[PDB]
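Reviewing the structure listed below.
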Amino acid sequence: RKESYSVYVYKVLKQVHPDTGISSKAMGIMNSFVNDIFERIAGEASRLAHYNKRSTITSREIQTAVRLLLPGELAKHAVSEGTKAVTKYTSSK
Amino acid sequence: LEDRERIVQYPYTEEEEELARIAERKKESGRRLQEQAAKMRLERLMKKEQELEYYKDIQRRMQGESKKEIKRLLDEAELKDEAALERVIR
Amino acid sequence: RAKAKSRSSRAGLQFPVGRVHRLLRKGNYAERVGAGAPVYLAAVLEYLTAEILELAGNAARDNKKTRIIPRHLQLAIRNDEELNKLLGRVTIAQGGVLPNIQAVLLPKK
Amino acid sequence: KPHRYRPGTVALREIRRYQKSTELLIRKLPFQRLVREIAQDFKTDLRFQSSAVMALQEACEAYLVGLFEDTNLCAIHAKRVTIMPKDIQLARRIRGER
Amino acid sequence: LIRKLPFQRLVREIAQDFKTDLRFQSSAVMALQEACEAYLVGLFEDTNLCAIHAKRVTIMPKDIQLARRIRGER
Amino acid sequence: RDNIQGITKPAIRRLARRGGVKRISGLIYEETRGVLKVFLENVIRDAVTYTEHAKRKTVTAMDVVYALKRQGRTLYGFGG
Amino acid sequence: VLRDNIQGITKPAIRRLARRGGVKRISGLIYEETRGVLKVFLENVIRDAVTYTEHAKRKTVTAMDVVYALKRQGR
Amino acid sequence: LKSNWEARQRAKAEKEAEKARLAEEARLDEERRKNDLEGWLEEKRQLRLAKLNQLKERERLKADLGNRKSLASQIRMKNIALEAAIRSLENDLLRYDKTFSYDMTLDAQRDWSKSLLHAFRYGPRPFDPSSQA
DNA sequence: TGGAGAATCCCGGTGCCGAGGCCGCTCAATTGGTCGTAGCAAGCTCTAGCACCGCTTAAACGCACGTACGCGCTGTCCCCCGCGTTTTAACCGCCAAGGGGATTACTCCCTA
DNA sequence: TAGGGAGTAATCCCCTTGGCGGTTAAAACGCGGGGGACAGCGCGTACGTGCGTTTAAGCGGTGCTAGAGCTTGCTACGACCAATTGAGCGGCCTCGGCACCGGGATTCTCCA
């Protein structure tokens, strides 16, 4: 059983462009992108924890990884949307 | 070869308180580095001797407690057996 | 027993916080994984997926195509000053190149 | 008398065709044999998935296309329209690759 | 190569845009200078190749731009 | 066998056209063949180690992808 | 407040760096170009070193913060 | 402070025992040299040959290490999924092996006095770049 | 400027095939409870980072002055383009092989 | 004492490599000429060298206090696991997007 973000990429697609589709060949690039950016954030989050001698990947690790890894206005909107999601999560359960 | 060789000269031009001060800086910097090494070593002395006592107490508890505890007790020294623990002990 | 509410639904995300939690654990990134780290990360993954897909959906429309082809993803990335910083060393299968001729090569007037 | 375009006209038509397209420019079977020929010197009776060689065309053609762009800049920096082997050698050497 | 105090003031000046009242270790300043010296020395070496290409002896800003663009920094 | 000569001059031409190159010295074709072989050797060598350390006889696309990412030349589309 | 300190890498300092790189002759347009190149590099290493310093909740940027920031520019 | 002094004293005892162990080994080697000189020198020659082979293997390793960066990353997947000794042996052979000579030493094997390109460029004299003359 | 022709566009027609949606299942995400701990909060030390002053000199800088090198300009040619003919071998199809691997058979002896 | 692991060879499905044939399209070969590579030349200006000035970097010295770095105490929270289900994967289906074709229209080149 092989796991792919394709179902989640397609749900994001219908938010940004309800009319627009994607090819499975382009979806493979999107799935490759999501895996590659997950790996890059998680790897820097791992290093950030290790550098500080902390056993836990916290959200503070993810936030600092995103500020290290992403450039400019992507970093600022990414940090925004993450903090919003964590807040809505905590307010629910 | 000094007989077989011939040498052609192109034209050229060629040209204590500081020596004590340099020697003072060299002496002081050298001594300070030795002080840093000695402090590092003496720091390592207490740490590694206590780590040896830490390993020894793990061995003592391993040897005292039931044989089922041996690996789990020596795992307090992150090592499976004394055949491994003796390596870092040495 | 209360009915399950997926951790994505509680965060509002489309991306799967539960899977993202597992993968942070399975990957041995650290000994422990706080409950918020999968939520923060999955939100960032959903953002960056949305950024690239809007620009690629534009490029598809600009070429009268309803489907994003790998061409449209490469165009979207290389035309964007920040996606081309993020992906500046990434090669895209069937992406091609930006149409770009050095002006000195065009016929002289 | 039949028409004939000026030197450099069809070069630009060819640039504008290949920068618009995405299909692979090296032939498939000649590249498979190059891959298997290379692989033989590492380990006998290796196999490659079709996707493994197709993944490997895409990597190397992008490497060559990307190198030519850097060498073209080295040519026009020498005020030449013509790329020459020392342009390849300069580009790779600046890249730390030669 | 670079003088210490003016490079020190340069790195503190840059830091103001990222966080006010940052402290810097004496060793952190030197790790920055030695990296900057090594970066610049290693870049002029690539501009000189661009100047010895195209037959010149004199490096031009056009050479820095080509060296950086092929290093991938552009 | 020398299948590097199967990378023909027109194929090298088209790669240069997509690279935006107008005039090509006839000495480029031998230099480009040397460049390609040196690159393609390095990737296959790295890929075969993933294949063998996975105890496989078949080299897989992800072996190639890991070899490419190991070389800093990350390729999207064939897998994550 | 610090301003204009980029002029503190003097022209002879650029010469010393350039001759160490083997450069024989230096256009006067190199000086303002090299200052622009230095500052754009140094801003990136300082930005990440400060991002590490904030993560530790420190007020002091350490040599290890520089090392991690340089290691990231290596990537 | 006494516990800190104890750590210093403990190492001092280990230092003294180390020096005694080295001195005891020296005393044995003294009598081995005085009595078994030919065998004793043949030991040092064979030890030098071993140390030379170990250094050549180490020098070959230092040439193999970093010959291709991905050597490390390739091998790491298998897991996931002498200088002073040679000099000391040479010095003892120079001291007591009357058949040994300095030209055997690695020091001589790297001396400019044994290099053809120094003769070609600078002749029989030593050269220094400090002299403008 | 004009023109002829060759190259590129666009518009409509045809087809195919892959994307998007539907259905079964499963298994991996979620609910609920326990237990250890780890990292967060307080409190102490004192480390080294910052600020300031005064002297030394050696590095910087303004300007004189040349000549060494950048660049436009001319000539040549040769060698790479563009286009027509010849040839080869790349691509496709279809069958073959065998080679590897997982399941099944049955004795023999270790080990619990 | 027995169970299940070790040895081994037959059985049979999956799947990658290799050959045959055609045929057809792309690579190879020829050759004219053009224009771009490149050498050779003139000038001028722009950059390296030198000398007198200044400026401020660097070293030795004093004083302060922030904050890095460490120890202590506890509870919050994430690891853990057994029970429950529904989200998401694998298989199957079909129709509509897009490509590919053909022929008529507009663009662009190049020579006059």
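Chain naming here is simple, since letters A, B, ... match the order of the sequence lines and numbering starts at 1 in each.
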When the side chains of residues 2-16 of chain D are checked against the rest of the protein, which donor-acceptor pairs come out under 3.5 Å, sequence neighbours left out?
from, atom 1, to, atom 2, distance (Å)
D:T9, OG1, D:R6, O, 3.3
D:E14, OE1, F:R17, NE, 2.7
D:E14, OE1, F:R17, NH2, 3.2

Hey, can you pull the donor-acceptor pairs under 3.5 Å for the side chains in residues 27-36 of chain C, sequence neighbours left out?
from, atom 1, to, atom 2, distance (Å)
C:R32, NH1, A:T56, OG1, 2.8

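Remark: P of I:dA28 and CG of C:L24 are 17 Å apart, rounded to the nearest angstrom. In this structure, A:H50 atom NE2 and I:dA38 atom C1' are separated by 17 Å, rounded to whole Å. Look at NZ on C:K26: it is 13 Å from P on I:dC27, rounded to the nearest Å. The distance from atom CG of C:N63 to atom P of I:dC9 is 13 Å, rounded to the nearest whole Å. To the nearest angstrom, P of J:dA57 lies 13 Å from CE of E:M30. Distance NE2 (C:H21) to P (J:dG78): 8 Å, rounded to an integer number of Å. For A:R54 and I:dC40, the CZ to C1' distance is 8 Å, given to the nearest whole Å. Here the P atom of nucleotide I:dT31 and the NZ atom of C:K3 are 12 Å apart, to the nearest Å.
Positionally, the nearest nucleotide of DNA chain I for E:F24 lies more toward the 5' end than for the other of E:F24 and E:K55. Residues A:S24 and C:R7 both approach DNA chain I. Their nearest nucleotides, taken by heavy-atom distance, put A:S24 toward the 5′ side. Of the residues near DNA chain J, D:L46 and D:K86, the one whose nearest nucleotide (by heavy atom distance) lies more toward the 5' end is D:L46.
For A:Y10, there are no ring pair (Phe, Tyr, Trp, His ring centres under 6.0 Å) partners two or more places apart in sequence or in a different chain. Residues passing the side-chain hydrogen bond (donor to acceptor under 3.5 Å, both in side chains) test with A:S59: none are found, sequence neighbours excluded.
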Identify each atom pair where a protein N or O and an N or O of nucleotides 42-52 of chain J are less than 3.5 Å apart, giving names and distance.
from, atom 1, to, atom 2, distance (Å)
J:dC47, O4', G:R25, NH2, 3.4
J:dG48, OP1, G:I26, N, 2.4
J:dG48, OP1, G:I26, O, 3.4
J:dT49, OP2, G:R15, NH2, 3.4

Nucleotide N/O of nucleotides 58-61 of chain I paired with protein N/O under 3.5 Å:
from, atom 1, to, atom 2, distance (Å)
I:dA60, OP1, G:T10, OG1, 3.2
I:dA60, OP1, G:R16, NH2, 2.9
I:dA60, OP2, G:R16, NH1, 2.8

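Taking 4.5 Å as the limit, some side-chain heavy atom of E:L22 sits within range of a side-chain heavy atom of G:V50. Considering only heavy atoms from C-beta on, E:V11 stays 4.5 Å or farther from E:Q33 through its side chain. E:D63 is listed as a side-chain neighbour of D:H77, based on a closest heavy-atom distance under 4.5 Å.
Near DNA chain I, defined here as any heavy-atom distance below 4.0 Å, the residues from residues 27-40 of chain C are C:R32, listed numerically.
Taking the six-membered ring for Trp and thresholds of 30 and 60 degrees, A:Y8 and C:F15 have ring planes inclined between 30 and 60 degrees apart.
Pucker assignment for I:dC94 gives north. The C1'-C2'-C3'-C4' angle has a positive sign.
With hydrogens and angles left out, the side-chain atoms of A:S4 and A:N31 include no donor and acceptor closer than 3.5 Å. If you check the side chains of A:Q63 and G:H55, you find no donor sitting under 3.5 Å from an acceptor. No donor-acceptor contact under 3.5 angstrom links the side chains of C:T49 and C:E46, judged on distance only. Counted by atom type alone, D:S21 and F:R18 present one or more donor-acceptor pairs between their side chains at under 3.5 Å. No hydrogens or angles considered: a donor-acceptor pair under 3.5 Å links the side chains of F:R23 and D:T82.
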_Sequence-aligned protein contact record of nucleotides 87-97 of chain J, with B where the base is within under 4.0 Å of a protein heavy atom and S where only the sugar-phosphate is_ = -SSS------S
_Reading 5' to 3' through nucleotides 83-92 of chain I, protein heavy-atom contacts under 4.0 Å coded B for base, S for sugar-phosphate only, - for none_ = S------SS-
*Annotated protein contacts, base or backbone, on nucleotides 65-74 of chain J with a non-hydrogen cut-off under 4.0 Å, one of B, S, - each*: -SSS------
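By the neighbour-count criterion of 12 heavy atoms within 6.0 Å, atom CD of F:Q5 is densely surrounded, having more than that number from other residues, nucleotides or ligands. The environment of CG in C:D62 is crowded: more than 12 heavy-atom neighbours from other residues, nucleotides or ligands sit within 6.0 Å. Heavy-atom contacts from other residues, nucleotides or ligands closer than 6.0 Å to NZ of G:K24 number 12 or fewer. Within 6.0 Å of CD on G:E32 lie no more than 12 heavy atoms contributed by other residues, nucleotides or ligands.
For J:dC110 and J:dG34, the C1' atoms lie 15 Å apart once the distance is rounded to whole Å. Going from the P atom of I:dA51 to that of J:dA68 covers 16 Å, rounded to whole Å. Going from the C1' atom of I:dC78 to that of I:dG3 covers 34 Å, rounded to whole Å. The gap from the P atom of J:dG104 to that of I:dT86 amounts to 32 Å, rounded to the nearest Å.
A salt bridge links F:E52 with D:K43: at least one charged nitrogen is closer than 4.0 Å to a carboxylate oxygen.
With the 3.5 Å cutoff on both pairing distances, Watson-Crick and G-U pairs in DNA chain I assemble into runs of at least 3 at I:3-5 with J:108-110, I:17-19 with J:94-96, I:54-57 with J:56-59, I:70-76 with J:37-43, I:95-97 with J:16-18, I:99-102 with J:11-14, I:105-108 with J:5-8, I:110-112 with J:1-3.
With values rounded to the nearest 0.5 angstrom, E:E37 atom CD is found 4.5 Å from E:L1 atom CG. Distance CZ/A:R54 to CZ/A:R60: 10.5 Å, rounded to 0.5 Å. In this structure, F:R56 CZ and F:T51 OG1 are separated by 4.5 Å, a value rounded to the nearest 0.5 Å.
Pairs of residues two or more places apart, or lying in two chains, that qualify as side chain to side chain donor-acceptor pair (under 3.5 Å) and include a residue from residues 16-25 of chain A are A:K25-C:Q94.
For J:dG86, there is no paired nucleotide, since no Watson-Crick or G-U wobble pair has both relevant distances below 3.5 Å.
Candidate nucleotides I:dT30, I:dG70, I:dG20 were compared by shortest atom distance to the side chain of A:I22, and I:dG20 ranks first.
Listed pair C:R1 / J:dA83 fails the phosphate criterion, with no side-chain N or O lying under 4.0 Å from OP1 or OP2.
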